[PDB]
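Engineer: A single structure is presented below for examination.
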Amino acid sequence: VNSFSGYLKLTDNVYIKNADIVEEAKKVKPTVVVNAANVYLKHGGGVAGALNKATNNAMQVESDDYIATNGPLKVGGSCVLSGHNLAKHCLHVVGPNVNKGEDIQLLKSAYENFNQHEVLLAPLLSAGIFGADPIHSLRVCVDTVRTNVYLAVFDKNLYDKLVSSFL
Ligand SMILES: O=C(O)c1ccc(O)c(F)c1
């Protein structure tokens, strides 16, 4: 049994809810929240800007030190950093950004990072400002992630379309 409430069950291991990820993390304090990161860990908009704003910019300060030491992530890759006031840990995962021309086949590689964690609160990778089709992102999630994932979908309209169209 875990703390997540109000989710619709899609599969054995994937759950979904219409919720602002910033507010869900604050309520649950999950072991892992996933950030929709870029390779530079520059958290300016979308899930990253909102998560980072909720940490009062402490996520960005920590991230800048990580990049200064290690250099940029790979598209499809990840790193584990602090969850600050939102979670124990933040798993920063880089999905491909269609608005930069990145290979959508890298979305499966991105979701494979989730399998290193037993339970996660996450957004749909490569959705929203990353430019991918969220229906596709949910299909790749279900077909790739084997650990227990609780997906927070920001837009109510999109949430209802993802549920209604789910195979
Ligand atoms: O899921 C998203 O796309 C999401 C969530 C919260 C935000 O503030 C945002 F800009 C985007």
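Identifiers in the structure tokens: chain A, B, ... in order shown; residue index from 1 per chain; ligand index from 1 in order shown.
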At a cut-off of 10 Å around ligand 1, and using only C-alpha atoms and all ligand atoms, what residues come up? Please write them as number ranges by chain.

Structural biologist: A: 18-23, 35-36, 44-54, 122-130, 151-155

Engineer: Pull the strand (DSSP E or B) assignments for region 8-91 of chain A out of DSSP run on the backbone, and list those residues as a list in words.

Structural biologist: residues 8, 9, 14, 15, 16, 17, 18, 32, 33, 34, 35, 36, 78, 79, 80, 81, 82, 89, 90 and 91 of chain A

Engineer: Would you put the residues from that selection into a file with N, CA and C atoms, as a PDB file, in the first residue's frame?

Structural biologist:
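Result file is out.pdb:
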ATOM      1  N   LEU A   8      -6.540   6.673 -11.494  1.00  0.00           N
ATOM      2  CA  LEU A   8      -7.180   5.623 -12.310  1.00  0.00           C
ATOM      3  C   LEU A   8      -6.078   4.624 -12.634  1.00  0.00           C
ATOM      4  N   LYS A   9      -6.374   3.341 -12.498  1.00  0.00           N
ATOM      5  CA  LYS A   9      -5.422   2.272 -12.786  1.00  0.00           C
ATOM      6  C   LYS A   9      -5.475   1.975 -14.261  1.00  0.00           C
ATOM      7  N   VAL A  14       0.860   0.946 -13.920  1.00  0.00           N
ATOM      8  CA  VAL A  14       0.749   2.356 -14.355  1.00  0.00           C
ATOM      9  C   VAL A  14      -0.590   2.922 -13.904  1.00  0.00           C
ATOM     10  N   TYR A  15      -0.541   4.065 -13.292  1.00  0.00           N
ATOM     11  CA  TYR A  15      -1.683   4.809 -12.750  1.00  0.00           C
ATOM     12  C   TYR A  15      -1.670   6.213 -13.298  1.00  0.00           C
ATOM     13  N   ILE A  16      -2.812   6.881 -13.391  1.00  0.00           N
ATOM     14  CA  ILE A  16      -2.871   8.259 -13.980  1.00  0.00           C
ATOM     15  C   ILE A  16      -3.875   9.109 -13.232  1.00  0.00           C
ATOM     16  N   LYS A  17      -3.620  10.402 -13.137  1.00  0.00           N
ATOM     17  CA  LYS A  17      -4.511  11.357 -12.448  1.00  0.00           C
ATOM     18  C   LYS A  17      -4.398  12.726 -13.107  1.00  0.00           C
ATOM     19  N   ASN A  18      -5.491  13.487 -13.188  1.00  0.00           N
ATOM     20  CA  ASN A  18      -5.443  14.933 -13.536  1.00  0.00           C
ATOM     21  C   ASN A  18      -4.984  15.677 -12.301  1.00  0.00           C
ATOM     22  N   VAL A  32      10.506   9.393  -5.040  1.00  0.00           N
ATOM     23  CA  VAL A  32      11.026   9.908  -6.332  1.00  0.00           C
ATOM     24  C   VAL A  32       9.965  10.731  -7.053  1.00  0.00           C
ATOM     25  N   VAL A  33      10.285  11.980  -7.376  1.00  0.00           N
ATOM     26  CA  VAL A  33       9.537  12.752  -8.378  1.00  0.00           C
ATOM     27  C   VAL A  33      10.421  12.840  -9.624  1.00  0.00           C
ATOM     28  N   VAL A  34       9.842  12.639 -10.778  1.00  0.00           N
ATOM     29  CA  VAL A  34      10.557  12.782 -12.061  1.00  0.00           C
ATOM     30  C   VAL A  34      10.382  14.205 -12.570  1.00  0.00           C
ATOM     31  N   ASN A  35      11.506  14.799 -12.980  1.00  0.00           N
ATOM     32  CA  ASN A  35      11.508  16.079 -13.706  1.00  0.00           C
ATOM     33  C   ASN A  35      11.658  15.829 -15.196  1.00  0.00           C
ATOM     34  N   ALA A  36      10.935  16.594 -15.993  1.00  0.00           N
ATOM     35  CA  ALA A  36      11.078  16.701 -17.455  1.00  0.00           C
ATOM     36  C   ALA A  36      12.233  17.629 -17.771  1.00  0.00           C
ATOM     37  N   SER A  78      19.540  10.368 -17.613  1.00  0.00           N
ATOM     38  CA  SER A  78      18.991  10.855 -16.348  1.00  0.00           C
ATOM     39  C   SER A  78      20.076  11.060 -15.307  1.00  0.00           C
ATOM     40  N   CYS A  79      19.753  11.762 -14.261  1.00  0.00           N
ATOM     41  CA  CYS A  79      20.561  11.763 -13.032  1.00  0.00           C
ATOM     42  C   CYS A  79      19.642  11.881 -11.861  1.00  0.00           C
ATOM     43  N   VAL A  80      20.090  11.397 -10.722  1.00  0.00           N
ATOM     44  CA  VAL A  80      19.374  11.500  -9.444  1.00  0.00           C
ATOM     45  C   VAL A  80      19.944  12.652  -8.644  1.00  0.00           C
ATOM     46  N   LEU A  81      19.139  13.617  -8.270  1.00  0.00           N
ATOM     47  CA  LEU A  81      19.540  14.732  -7.392  1.00  0.00           C
ATOM     48  C   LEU A  81      18.550  14.827  -6.245  1.00  0.00           C
ATOM     49  N   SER A  82      18.721  15.811  -5.405  1.00  0.00           N
ATOM     50  CA  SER A  82      17.790  16.010  -4.299  1.00  0.00           C
ATOM     51  C   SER A  82      16.378  16.282  -4.787  1.00  0.00           C
ATOM     52  N   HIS A  89      14.023  12.317  -3.508  1.00  0.00           N
ATOM     53  CA  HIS A  89      14.913  12.422  -4.674  1.00  0.00           C
ATOM     54  C   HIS A  89      14.129  13.007  -5.835  1.00  0.00           C
ATOM     55  N   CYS A  90      14.861  13.685  -6.734  1.00  0.00           N
ATOM     56  CA  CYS A  90      14.345  14.034  -8.077  1.00  0.00           C
ATOM     57  C   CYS A  90      15.139  13.270  -9.116  1.00  0.00           C
ATOM     58  N   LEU A  91      14.458  12.487  -9.927  1.00  0.00           N
ATOM     59  CA  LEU A  91      15.064  11.843 -11.088  1.00  0.00           C
ATOM     60  C   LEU A  91      14.861  12.764 -12.268  1.00  0.00           C
TER      61      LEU A  91
END

Engineer: When you draw a straight line from CA of residue 145 (chain A) to CA of residue 115 (chain A), how long is it in Å?

Structural biologist: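 Atom-to-atom, CA of residue 145 (chain A) to CA of residue 115 (chain A), that is 5.8 Å.
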
Engineer: When you draw a straight line from CA of residue 162 (chain A) to CA of residue 144 (chain A), how long is it in Å?

Structural biologist: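 Going from CA of residue 162 (chain A) over to CA of residue 144 (chain A), I get 17.2 Å.
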
Engineer: Just want the 9 Å neighbourhood of residue 72 (chain A), counted on only C-alpha atoms, with same-chain residues fewer than 4 positions away dropped. Output as an MDAnalysis selection string.

Structural biologist: chainID A and resid 38:41 66:68

Engineer: Going by DSSP on the backbone, which bits of region 48-148 of chain A are alpha helix (DSSP H)? Write them as a PyMOL selection string, please.

Structural biologist: chain A and resi 48-54+58-70+106-112+134-144

Engineer: Nearest residue to residue 1 (chain A) out of A:119, A:163, A:106, A:135, using only C-alpha atoms?

Structural biologist: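 With only C-alpha atoms as the atom set, the closest residue is A:119.
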
Engineer: Using only C-alpha atoms, find the one residue out of A:13, A:134, A:3, A:113 that sits nearest to residue 160 (chain A).

Structural biologist: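 With only C-alpha atoms as the atom set, the closest residue is A:134.
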
Engineer: To one decimal place in Å, what is the distance between CA of residue 149 (chain A) and CA of residue 11 (chain A)?

Structural biologist: 10.1 Å

Engineer: Under the rule that only C-alpha atoms are counted, which of A:10, A:58, A:24, A:111 is the nearest residue to residue 167 (chain A)?

Structural biologist: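 Closest residue, counting only C-alpha atoms: A:10.
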